[PDB]
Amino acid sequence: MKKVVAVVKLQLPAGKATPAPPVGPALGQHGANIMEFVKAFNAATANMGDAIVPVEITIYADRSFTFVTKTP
């Protein structure tokens, strides 16, 4: 509906996510597309400058994900 397999609660520097930890292992263990999240998070936050951004990623059984950020 979809079925949730994990929720991942991070804080990441705005615009500056990479596939490295915590992102790689936190998402990858559930098969979520690491690079897609990196690019999406960076698009969602690059224009925030030097901020630290709370982000929650929900990962589903089909390996898709959704996410929510908080400003800032």
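A residue's number is simply how far along the shown sequence it sits, counting from 1.
Asks: Taking the recorded C-alpha temperature factors, which stretch has the higher mean, 43-51 or 30-38?
Replies: Mean C-alpha B-factor is greater for 43-51.
Asks: Looking at the C-alpha B-factor of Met1, is it in the lowest, middle or highest third of its chain?
Replies: For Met1, the deposited C-alpha B-factor lands in the highest third.
Asks: Sort the modelled residues of this chain by their C-alpha B factor and say whether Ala14 lands in the lowest, middle or highest third.
Replies: Middle third - that is where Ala14 ends up once the chain's C-alpha B-factors are sorted.
Asks: Taking only the Cα B-factors deposited for this chain, tell me whether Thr71 sits in the lowest, middle or highest third.
Replies: Ranked within chain, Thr71 CA B lands in the highest tercile.
Asks: Going by what the PDB entry lists, where does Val23 fall on CA B-factor within its chain: lowest, middle or highest third?
Replies: Answer is middle: the recorded C-alpha B-factor places it there.
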